[PDB]
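Protein chains: 2
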Amino acid sequence: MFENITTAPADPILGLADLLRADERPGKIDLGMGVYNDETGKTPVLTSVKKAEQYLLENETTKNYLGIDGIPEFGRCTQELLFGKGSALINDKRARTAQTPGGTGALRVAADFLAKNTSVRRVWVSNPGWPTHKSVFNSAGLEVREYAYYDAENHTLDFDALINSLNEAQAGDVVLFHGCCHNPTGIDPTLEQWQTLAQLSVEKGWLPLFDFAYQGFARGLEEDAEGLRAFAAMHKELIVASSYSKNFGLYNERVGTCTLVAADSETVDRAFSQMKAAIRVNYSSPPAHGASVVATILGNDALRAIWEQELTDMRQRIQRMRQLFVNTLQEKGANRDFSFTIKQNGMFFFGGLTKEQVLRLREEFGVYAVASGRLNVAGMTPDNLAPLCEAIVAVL
Amino acid sequence: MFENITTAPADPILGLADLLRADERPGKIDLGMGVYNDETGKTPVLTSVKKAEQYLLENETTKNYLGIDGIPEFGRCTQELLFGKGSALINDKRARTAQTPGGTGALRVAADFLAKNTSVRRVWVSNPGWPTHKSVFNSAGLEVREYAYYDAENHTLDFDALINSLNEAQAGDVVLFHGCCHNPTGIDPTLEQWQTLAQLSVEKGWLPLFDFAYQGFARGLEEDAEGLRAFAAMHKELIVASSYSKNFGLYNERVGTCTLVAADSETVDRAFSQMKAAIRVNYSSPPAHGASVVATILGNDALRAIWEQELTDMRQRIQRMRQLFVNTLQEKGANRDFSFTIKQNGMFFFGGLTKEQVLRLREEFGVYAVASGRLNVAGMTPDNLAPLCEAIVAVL
Ligand SMILES: *Cc1c(COP(=O)(O)O)cnc(C)c1O
Ligand SMILES: *Cc1c(COP(=O)(O)O)cnc(C)c1O
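Chains as they are written, first to last, in the deposited numbering: chain A, 5 to 64, 66 to 126, 129, 133 to 152, 154 to 231, 233 to 406, 408 to 409; chain A', 5 to 64, 66 to 126, 129, 133 to 152, 154 to 231, 233 to 406, 408 to 409. A prime marks a further copy of an entry chain.
Laid out in structure tokens, this is it:
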């Protein structure tokens, strides 16, 4: 049965993990996968989280099945984070959320949902973008088309190119938007641009699909949801896949959600029934632990206070690191100007390096980054900043 | 987009959960989903588990991504449980295990794996069987065929019928076997029958696929794996999906595994690469919590000792309950003889009731069971045994 099977191609991002574990050199600087590191170069578990886990260990009495869509309180809390405490979608019961195994799991159940219950044949994704989007949608049978987005030689959102390419999108097809902290460019549209996109979308008949994996890492919780809420205010239907992996540092606990929005509750319920079917035929119900932690925190005023401050400190350390990065580079005498880095939202640095420069970086200097020239700034720390910059200056 | 979508059909088993939550009557006896209940009618979290969670809360320092196949130690431990501490499959490195979100998640990744990388067009499942098997395999695109298994008017394994129907299975197609505690008949083949099936299988060219969700609930850990090891000893390739939901009572933490076995390590590795691809396009990596708990317990002598005893007490309470069930029935004057119940392995009672009798049970008496006439004996307790039996005697 398995004699003819061929080796699968390695993942451009997740594959870095395996490359790293095979390298014996001690001074390896890992700036690949987008995980947050503190000043000591460790990706720690939040205090609010530890406190919640303490509470769960003491108050949890059963481990019984969670119900297809997961913890109800968890879903309600996520809707408020996404649409605002007094949103119309929430009041008119137009939204239904399913707890899922991470944001990726959400993209998968959405894709399966779309493929079997809708006439969507193709999904539109940006370029530059996130590799996993194409894999996920192609595996569900949907065709993936790319739209223009980044202005390389200027380092800004090529808004005219964005609309010109999107003119190709027909009514009925899906358009994938990054909520905030665009992976990998870090450049997001402004509120006015979001509004333009929203009106153009409603008018053109596209089914919007938001991938929200970095809420709170750009400006803040509420501000980062601005674009989404703009679309939510004009749209009748939409899908939003969110993740709590990064803003709660619950990476391996696979905590995410998939929210469906329809014209009314009758439609959303009828639709959600089919999304539950897609889920039940996959993993049945979702892992409780991570979601319980989030609900506990999000539901306790004291805990939420600690958590938001921790989120603030993470965003602040990254902002400090990129400003320090640019500085140490000029300090080391980099021939190219990387000041544009400071305008990027999120955890990454994108735009300066080529496929070969990053290859040389890992080979000669043991610095690991993605082949697209994307570096995880959150992996940068005061102690690795100098060696890291010396490596980069030698490769420019 | 979502106007034409139709309401999905409810799940025959998981749907019971929703039926129950809508019934306001106080004396509802839930004997539907196969979850263990103690004397007090609660499905509690094991002490060994609580101890492990305590240890994790204190020793866990990061929540960083788990790697596609999950916790290595967890996989190794599961291989020993399944194939025995000194198995050849383990020594010759012929087996590769991936941590998955429950046993259902394992069946799904196996189905996706098969559909895209193999020429398997159909999977053979028993009748009576577990409804989810058909859903899972059909959603991956594979066709599901059923084979004879149970002798209703005798309450035994119809072994001749089993082989006669399986003669229809061609070389290349999958045959699904329940490791032990056959859901729902509770009747498993004997070691000699397992051996016959093993030889017939190798000779006929079927790819065996074991669903191991109740190890330890029939006779014991080692004894329950006898059939599997018989096949493992004669087979070159095989797949085994196991669950820790029941034997560890970690239901909502989604703890399972998918193990692939090939002729040698070269083949199994090449094959596993594609299974990792199927996983990465689904949920990326699995939830850490539940698997960590199992690895902690399974890896600590003291903890394992406590855990095995708890598993023993669960099996013993269920055995006591079915003997008490049969007795109270005759005590109440049931016209039909249900003594065959005592020969059933696992958590269920199957064979006495009809679709209408169970319907009347939930309607008139508020007793919930699956429409197939399958009752969760583990849900039976000294306090609900009497009312439960009175309901049944009134419906016979
Ligand atoms: C991280 C990320 C996700 C989701 O990650 P999960 O670990 O699966 O929660 C989705 N989209 C983008 C762009 C991401 O960066
Ligand atoms: C319980 C069960 C499974 C797996 O359950 P999970 O909660 O998904 O681990 C698989 N097969 C059968 C027959 C079962 O009873």
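Positions of the beta carbon are idealized from the N, C-alpha and C atoms, including for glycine.
Among the residues facing chain A', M37 of chain A is included, as its CB has a counterpart in that chain under 9 Å away.
For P106 of chain A', the chain A residues whose C-beta falls within less than 7 Å of its own C-beta are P106, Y295 and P299, listed in chain order.
One thing to note: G190 of chain A has its Cβ within 9 Å of the Cβ of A237 of chain A. Here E265 of chain A' is buried: its Cβ has 16 or more other Cβ atoms, across all protein chains shown, within 10 Å. If you keep only unbroken alpha helix (DSSP H) runs of at least 4 residues inside the region 365-405 of chain A', you get 367-372. Taking CB atoms only, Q84 of chain A has no neighbour in chain A' less than 9 Å away. Taking a C-beta distance under 9 Å as the contact criterion, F362 of chain A and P219 of chain A do not qualify as a contact pair.
For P200 of chain A and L168 of chain A, the gap between their C-alpha atoms comes out near 7 Å.
In the structure shown, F6 of chain A adopts coil according to DSSP, grouped into three states. Proximity of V135 of chain A to chain A', defined by a Cβ-Cβ separation below 9 Å, is not satisfied.
Close to chain A, meaning a Cβ-Cβ distance shorter than 7 Å, are the following residues of the region 20-32 of chain A': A21. Residue environment for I354 of chain A: exposed (fewer than 16 other C-beta atoms within 10 angstroms of its C-beta). The alpha-carbon separation between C270 of chain A' and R282 of chain A' amounts to approximately 16 Å. Contact between the region 288-305 of chain A and the region 133-143 of chain A is absent, with fewer than three C-beta pairs closer than 8 Å. Straight-line measurement puts the Cα of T51 of chain A at about 31 Å from the Cα of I318 of chain A'. Runs of the beta strand (DSSP E) lying entirely within the region 262-303 of chain A, each at least 3 residues long, are 267-273 in chain order. Shown here for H193 of chain A: same chain residues with a beta carbon closer than 6 Å to its own, the five before and five after excluded, namely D199 in chain order.
Excluding sequence positions up to five before and after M37 of chain A', its CB lies within less than 8 Å of the CB of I17, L18, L20, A21 and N388, all in the same chain and listed in chain order. In this structure the region 326-341 of chain A' does not lie against the region 75-85 of chain A', because fewer than three pairs of beta carbons, one per stretch, are closer than 8 Å. Identification of chain A' residues near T66 of chain A by a Cβ-Cβ cut-off of 8 Å yields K46, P48 and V49, ordered along the chain. Taking CB atoms only, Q181 of chain A' has no neighbour in chain A less than 9 Å away. Neighbourhood of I9 of chain A in chain A', by CB distance below 7 Å: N122, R282, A283 and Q286, in chain order.
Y380 of chain A' and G151 of chain A have their C-alpha atoms roughly 39 Å apart. A Cβ-Cβ contact shorter than 9 Å links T109 of chain A' with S296 of chain A. Comparing C-alpha distances from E402 of chain A' to each of A':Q84, A':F360 and A':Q342 shows the shortest one belongs to A':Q342. Collapsing the DSSP output to three states places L119 of chain A' in a helix.
Only residues of its own chain outside the window of five on either side were considered, and among them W134, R156, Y158, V186, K215 and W217 have a CB closer than 8 Å to the CB of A180 of chain A, listed in chain order. For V155 of chain A', the distance from the CB to the nearest heavy atom of ligand 2 is not below 8 Å. Secondary structure note for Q104 of chain A: it is in no alpha helix (DSSP H), and the uninterrupted beta strand (DSSP E) holding it is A100 to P106. Non-local C-beta neighbours of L409 of chain A in its own chain, meaning closer than 7 Å and more than five positions away in sequence, comprise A346, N347 and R348, ordered along the chain. Ranking A':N357, A':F228, A':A398 and A':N312 by CA distance to the CA of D325 of chain A' puts A':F228 first.
Take the alpha-carbon of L397 of chain A' and the one of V49 of chain A': they are about 23 Å apart.
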